[PDB]
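Structural overview
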Amino acid sequence: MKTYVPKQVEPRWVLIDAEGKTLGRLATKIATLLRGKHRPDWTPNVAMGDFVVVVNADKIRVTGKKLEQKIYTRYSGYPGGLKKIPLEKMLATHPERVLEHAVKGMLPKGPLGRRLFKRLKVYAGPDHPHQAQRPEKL
Amino acid sequence: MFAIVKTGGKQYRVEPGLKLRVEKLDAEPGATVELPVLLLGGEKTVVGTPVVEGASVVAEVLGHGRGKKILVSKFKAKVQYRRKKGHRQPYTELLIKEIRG
Amino acid sequence: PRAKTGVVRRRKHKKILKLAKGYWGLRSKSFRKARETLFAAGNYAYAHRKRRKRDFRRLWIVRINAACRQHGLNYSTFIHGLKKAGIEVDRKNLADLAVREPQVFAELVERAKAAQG
Amino acid sequence: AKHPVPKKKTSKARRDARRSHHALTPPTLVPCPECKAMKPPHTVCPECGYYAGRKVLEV
Amino acid sequence: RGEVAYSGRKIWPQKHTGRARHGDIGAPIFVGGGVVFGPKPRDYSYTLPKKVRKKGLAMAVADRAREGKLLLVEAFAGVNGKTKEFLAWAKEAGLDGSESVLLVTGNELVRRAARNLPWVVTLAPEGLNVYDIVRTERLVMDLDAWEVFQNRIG
Amino acid sequence: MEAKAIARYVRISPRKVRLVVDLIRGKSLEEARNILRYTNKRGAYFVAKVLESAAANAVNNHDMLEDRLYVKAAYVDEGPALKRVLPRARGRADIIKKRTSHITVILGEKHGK
RNA sequence: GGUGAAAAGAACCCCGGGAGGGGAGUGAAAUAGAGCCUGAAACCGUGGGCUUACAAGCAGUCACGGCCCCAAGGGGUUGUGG
RNA sequence: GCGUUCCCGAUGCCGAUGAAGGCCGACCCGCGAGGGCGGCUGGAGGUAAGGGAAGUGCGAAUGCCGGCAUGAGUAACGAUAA
Ligand SMILES: [Mg+2]
Ligand SMILES: [Mg+2]
Ligand SMILES: [Mg+2]
Ligand SMILES: [Mg+2]
Ligand SMILES: [Mg+2]
Ligand SMILES: [Mg+2]
Ligand SMILES: [Mg+2]
Ligand SMILES: [Mg+2]
Ligand SMILES: [Mg+2]
Ligand SMILES: [Mg+2]
Ligand SMILES: [Mg+2]
Ligand SMILES: [Mg+2]
Ligand SMILES: [Mg+2]
Ligand SMILES: [Mg+2]
Ligand SMILES: [Mg+2]
Ligand SMILES: [Mg+2]
Ligand SMILES: [Mg+2]
Ligand SMILES: [Mg+2]
Ligand SMILES: [Mg+2]
Ligand SMILES: [Mg+2]
Ligand SMILES: [Mg+2]
Ligand SMILES: [Mg+2]
Ligand SMILES: [Mg+2]
Ligand SMILES: [Mg+2]
Ligand SMILES: [Mg+2]
Ligand SMILES: [Mg+2]
Ligand SMILES: [Mg+2]
Ligand SMILES: [Mg+2]
Ligand SMILES: [Mg+2]
Ligand SMILES: [Mg+2]
Ligand SMILES: [Mg+2]
Ligand SMILES: [Mg+2]
Ligand SMILES: [Mg+2]
Ligand SMILES: [Mg+2]
Ligand SMILES: [Mg+2]
Ligand SMILES: [Mg+2]
Ligand SMILES: [Mg+2]
Ligand SMILES: [Mg+2]
Ligand SMILES: [Mg+2]
Ligand SMILES: [Mg+2]
Ligand SMILES: [Mg+2]
Ligand SMILES: [Mg+2]
Ligand SMILES: [Mg+2]
Ligand SMILES: [Mg+2]
Ligand SMILES: [Mg+2]
Ligand SMILES: [Mg+2]
Ligand SMILES: [Mg+2]
Ligand SMILES: [Mg+2]
Ligand SMILES: [Mg+2]
């Protein structure tokens, strides 16, 4: 008989930004990071993983054209309208989300993935006025 | 010291003195000694070398104060008008006492 | 001779009830709401003991992989590096080395890529 | 016995759950002058009474 | 069902009451109702093959004798039906009352003698039967008796 | 220590009095008195009386001394209900249940340091 | 339909208009006190333990982790995850 | 194969040093139906081996009888002559 359990770790954050990347192609890696999928002391039920921080938001490439080609229905008020929003908008009118959303649909659906999304901390920087230990990853 | 022996199609890593279930063995009596194969020395100041099935002769010395144990269970298959609660599996356990490496 | 139901039943039920103690509502207060439950509970356990097995199969791979990925290699490559090398060992499970005594693992990795020189 | 009707016995849960707001509220009484007894605020209780106003009987 | 003492009226209109459909309160699913397959007074006898009825008494006497518990008596000092006298007899007769004794004799006086001993089954000779034989641990009978039993098959 | 009361077969629905009762669960005998004294319900007059007697007992019978006692605990149980027929429209007729209650109250001594 | 072997069926005091109770007392027994043996289940309560107010469910099952009564184990509960 | 009632075994054997039934238990024994053990309750019956007999096993028949729930502290409280 065996067992393989980890005690109370210590959230080892990460500061990051590759605005030269394609969100998604990036987001994944971020998500992968979020939940401790890289750190070999796994426990899908625990909630241990990097406290990922992304700076210098946007500036993100995005392959082919999403000049209103990428729509964000996401919003369905309730009476008769399902308000749609193209990329351009979010970029101009407060971006960040752009990447945020990309991360949500990569993190699991439970109160955990919900909790994990609480880790991610993206800003439209550069500048992450919120850290005491940014371990910028490459 | 470390070590990884295989028994009952299953392989465990043992130390210098301990054990649990392992599965019925013709080691008929309780106070008896048996030696199961080994798979990775243990890295300690004594070694740390594995290899192809590590059949390097060396093995683990195991005694064992056992007696075919069992355990609750209850296996109730059930379809539909088909019920078969007709199952109690306790599974025979075989307690061992790992000695030396 | 008239054989009354007498006791029989009551007992026949107390049994099933005990079995279903701690359940939700009538689910654990009804000689039958209980039954119906204990049924699901039936396969559930059974079907799961089958899952649990292959549950850890996966539960480990992650470790292995998310462990030997630190030494620049795929769990995919890794494994193969062993099969074609020789190692009816490690037992996706016993790759618990990747955690406890990671140096034991190290040699393995290097051992791995070896077979693929 | 007619048109709209309960579609399910209400669970002992949601039953009590519905009563959460049933708890009674203690009345509000106060010292009261003369007698060290109790009376509710802004009230003339039949014992000592009031001043300039009648009540029961005293001396 | 019909054996019961209720009316035959049809308790309910049968079609627009929601209530289950029903006959008379005599219906066996009505508590008060009549039993379905209850027991009816019936006989249980049958005619066991004579040639067997006897070959059976044979194995009876037999067994008991093979175990040496068979005893053909003759000397009976017991008179005017007296428990004492009988008990006395058996004593020196080799029957202290340890094993059950099937006593069979054409002597009603002896009959009375043990007619009351808890460890004895007194039975006229013509009444011999595998049950009682088997029922008791020791068979003891008058010579006369053993003859008739023999006459019953030589 | 503790003084009991219990007044069975009162004739008022349990649910109904349980209310006045929870209103005094664990309190100074001195206070509860006032409370019930001005609690507008019918249970009052019932739980009143009882609680008042638990007091009596407490003293007269268990020498506990009024001043130091309160409401250790109290509660109410269903009694055997009286079924009654209620003529319903179109000759339906229903059975109304005049429920009944068992009010128990147990005093106790507060402290002594 | 069934108090108890026997009415010995609850004097007297206390609360209360009564009913009911609390002591006292009878009895082997009063959770044998009177539609009173035994008294199951549904159902209504009081007290205690674990547990819940960002989360979506045939109500369970598998797995780890935490809290509460005995200790290379077990029970009870259940926070996530499957 | 397991249980229920009954008869033979019984002028027997258990039984107030507590039967039957009930309420608990993480014990033991059976693949299972069940069978034992132990602890509280109960207070007078029970019934081995091995056999024989049946009114012999319930979750559903808008089943039947009884009890208790839900709706619900909701509608109502029976002429608006006060
Ligand atoms: Mg926007
Ligand atoms: Mg076994
Ligand atoms: Mg079955
Ligand atoms: Mg039946
Ligand atoms: Mg299913
Ligand atoms: Mg595998
Ligand atoms: Mg409740
Ligand atoms: Mg007729
Ligand atoms: Mg008639
Ligand atoms: Mg007709
Ligand atoms: Mg209908
Ligand atoms: Mg009748
Ligand atoms: Mg009849
Ligand atoms: Mg003839
Ligand atoms: Mg006789
Ligand atoms: Mg005879
Ligand atoms: Mg007073
Ligand atoms: Mg009306
Ligand atoms: Mg009319
Ligand atoms: Mg009596
Ligand atoms: Mg009694
Ligand atoms: Mg009673
Ligand atoms: Mg009696
Ligand atoms: Mg009870
Ligand atoms: Mg509580
Ligand atoms: Mg939450
Ligand atoms: Mg929200
Ligand atoms: Mg919360
Ligand atoms: Mg929830
Ligand atoms: Mg569901
Ligand atoms: Mg669980
Ligand atoms: Mg779950
Ligand atoms: Mg009978
Ligand atoms: Mg006789
Ligand atoms: Mg005896
Ligand atoms: Mg019986
Ligand atoms: Mg108990
Ligand atoms: Mg017992
Ligand atoms: Mg008993
Ligand atoms: Mg038998
Ligand atoms: Mg039989
Ligand atoms: Mg029948
Ligand atoms: Mg049925
Ligand atoms: Mg209907
Ligand atoms: Mg009914
Ligand atoms: Mg109703
Ligand atoms: Mg309503
Ligand atoms: Mg309303
Ligand atoms: Mg109204």
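Residues numbered from 1 in each chain as written, not as in the entry; some residues may be left out. Chains lettered and ligands numbered in written order. Part of a larger assembly, values for the part shown. Heavy atoms only, no water. Residues with missing side-chain atoms left out of burial classes, pairs and counts.

- Regarding how it was determined, this PDB entry cites X-ray crystallography in its header, along with a resolution of 2.8 Å.

**Observations regarding the overall build of chain A**
- A count of helices and strands for chain A gives four helices and three strands.
- Starting at the N terminus and ending at the C terminus, chain A contains elements arranged as β-α-β-α-α-α-β.
- Along the three orthogonal principal directions, the C-alpha set of chain A runs to about 55 × 35 × 25 Å.
- The buried share of chain A, taken over its 138 residues, is 33%.
- Here the analysis covers contacts within chain A between residues at least 6 apart in sequence; of these, 65% occur between residues at least 24 apart.
- Accessible surface, chain A: about 9,200 Å² in total, of which carbon and sulfur atoms supply 52%.
- Both charge centroids of chain A, one from 28 positive and one from 12 negative side chains, sit 9 Å from each other. (Helix = DSSP H or I, 4+ residues; strand = E, 2+ residues; numbered from the N terminus. Buried < 20%, exposed > 50% of the residue type's maximum accessible area, 1.4 Å probe, protein only. Contact = heavy atoms within 4.5 Å. Areas by Shrake-Rupley, 256 points an atom, 1.4 Å probe, with all protein chains shown as cover. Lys, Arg positive; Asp, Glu negative; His and termini not counted. Charge placed at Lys NZ, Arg CZ, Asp CG, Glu CD.)

**Side note on the protein's contact with RNA strand G**
- What surrounds RNA strand G is a group of 39 residues, the closest being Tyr44 and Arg52 of chain C together with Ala5, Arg8 and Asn61 of chain F.
- Of what RNA strand G places within 4 Å of the protein, 81% of the atoms are sugar or phosphate.
- One of the side-chain N or O atoms of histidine 48 of chain C is found 2.8 Å from a base oxygen in RNA strand G.
- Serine 53 of chain F is positioned such that a nitrogen or oxygen atom in its side chain is 2.7 Å from a base oxygen of RNA strand G.
- For the surface near RNA strand G, the secondary-structure elements that each account for two or more residues are helix 4 (111-117) of chain A, helix 2 (33-68) of chain C, helix 1 (12-19) of chain D together with helix 3 (43-61) and strand 1 (69-78) of chain F.
- Here the element with the most residues in the surface near RNA strand G is helix 3 of chain F; it accounts for seven residues. (Near = heavy atom within 4 Å. Polar contact = N/O pair within 3.5 Å; in protein donor to acceptor, adjacent residues only side chain to side chain.)

**Some details on the pattern of salt bridges**
- As enumerated under the stated definition, the model contains 16 salt bridges over all chains in all.
- With a shortest N-O distance of 3.0 Å, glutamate 23 of chain B and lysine 10 of chain B are connected by a salt bridge. Here the residue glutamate 23 of chain B occupies a position in the loop between strand 2 (10-13) and strand 3 (62-63), and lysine 10 of chain B occupies one in strand 2, the gap between them amounting to 13 residues.
- Owing to a relative accessible area of 33%, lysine 10 of chain B belongs among the partly exposed residues under this scheme.
- In this structure, the salt-bridge partner of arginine 33 of chain F is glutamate 52 of chain F, at a minimum N-O distance of 3.6 Å. In this pair, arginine 33 of chain F is assigned in helix 2 (residues 29-37) and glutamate 52 of chain F in helix 3, connecting sequence segments 19 residues apart.
- Look at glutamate 52 of chain F and you get partly exposed, because its relative accessible area is 38%.
- Several salt bridges converge on common partners, so that one network encompasses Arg33, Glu52 and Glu66 of chain F. (Salt bridge = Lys/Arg side-chain N within 4 Å of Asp/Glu carboxyl O.)

**Notes on the packing of helix 2 of chain F against helix 3 of chain F**
Residue and element names in this part refer to chain F.
- Relative orientation of the contacting elements helix 2 and helix 3 amounts to 160°, with a least axis distance of 10 Å. In this view, helix 2 runs roughly antiparallel relative to helix 3, as classed from their interaxial angle. As helix 2 runs across helix 3, the sense of the crossing is left-handed. Of the residues in helix 3, those touching helix 2 at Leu29, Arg33 and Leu36 are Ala44, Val47, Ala48, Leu51, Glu52 and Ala55. (Axes fitted to C-alpha atoms, helices over the stretch in contact; angles between N-to-C directions. Parallel < 35°, antiparallel > 145°, perpendicular 65-115°, else oblique. Left-handed = near helix turned anticlockwise from the far one by under 90°.)

**Observations concerning the sheet that holds strand 2 (residues 101-104) of chain E**
Residues and elements named next belong to chain E.
- The strand order across the open sheet formed by four strands is 1-4-2-3, and the pairing between neighbours is parallel. Lying at the two open borders of the sheet, with one neighbouring strand each, are strand 1 (70-73) and strand 3 (120-123). Averaged over all neighbouring strand pairs, the angle between strand axes comes to 20°, with direction disregarded.
- Set on the sheet, helix 5 (residues 143-151) makes contact with strand 1, strand 2 and strand 4 (138-142); between it and strand 4 the angle comes to about 100°. (Pairing = 2+ DSSP bridges.)

**Observations regarding the sheet that holds strand 3 (residues 121-122) of chain A**
Residue and element names in this part refer to chain A.
- If you walk across this open sheet you meet the three strands as 1-2-3, and the pairing is parallel. Single-partner strands in this sheet number two, and they are strand 1 (15-16) and strand 3.
- As judged from the two bridges shared by strand 2 (residues 53-54) and strand 3, these two strands associate in the parallel manner. Each bridged residue has a counterpart across the sheet, and for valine 54 the counterpart in strand 3 is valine 122.

**With respect to the interface of chain B and chain C**
- With 19 residues of chain B at the contact, the number on the chain C side is 20 residues.
- Both sides of the chain B and chain C interface together cover about 1,900 Å² of buried area, and 55% of this is carbon and sulfur.
- Among the residues of chain B in contact with chain C, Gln11, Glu43 and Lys76 of chain B are the three that bury the most area, contributing 33% of the side total.
- Along the contact surface separating chain B from chain C lie zero salt bridges. (Buried area = accessible area lost by both parts, 1.4 Å probe.)

**Brief notes about the protein's contact with RNA strand H**
- Close to RNA strand H lie 48 residues; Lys85 of chain B, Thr10 of chain D, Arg42 of chain E together with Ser13 and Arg99 of chain F are nearest.
- Considering the 4 Å shell around the protein, atoms of RNA strand H inside it are sugar or phosphate in 68% of instances.
- A distance of 2.7 Å separates a phosphate oxygen of RNA strand H from a polar side-chain atom of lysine 18 of chain C.
- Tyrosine 131 of chain E places a side-chain nitrogen or oxygen 3.1 Å from a sugar or linking oxygen of RNA strand H.
- Within the residue set of the surface near RNA strand H, elements represented by two or more residues are helix 1 (8-19) and helix 2 of chain C, helix 1 of chain D together with helix 1 (14-22) of chain F.
- It is helix 1 of chain C that provides the largest number of residues to the surface near RNA strand H, a total of seven residues.
- Split by residue class, the surface near RNA strand H holds 14 nonpolar, ten polar and 24 charged. (Nonpolar A, V, L, I, M, F, W, Y, C, P; charged D, E, K, R; others polar.)

**Structural notes on helix 3 (residues 97-104) of chain A**
- If you check which residues of helix 3 of chain A are buried, you get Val98, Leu99, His101, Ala102 and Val103 of chain A.
- Of the surrounding elements, those touching the buried residues of helix 3 of chain A are helix 1 (25-34), helix 2 (87-92), helix 4 and strand 3 of chain A.

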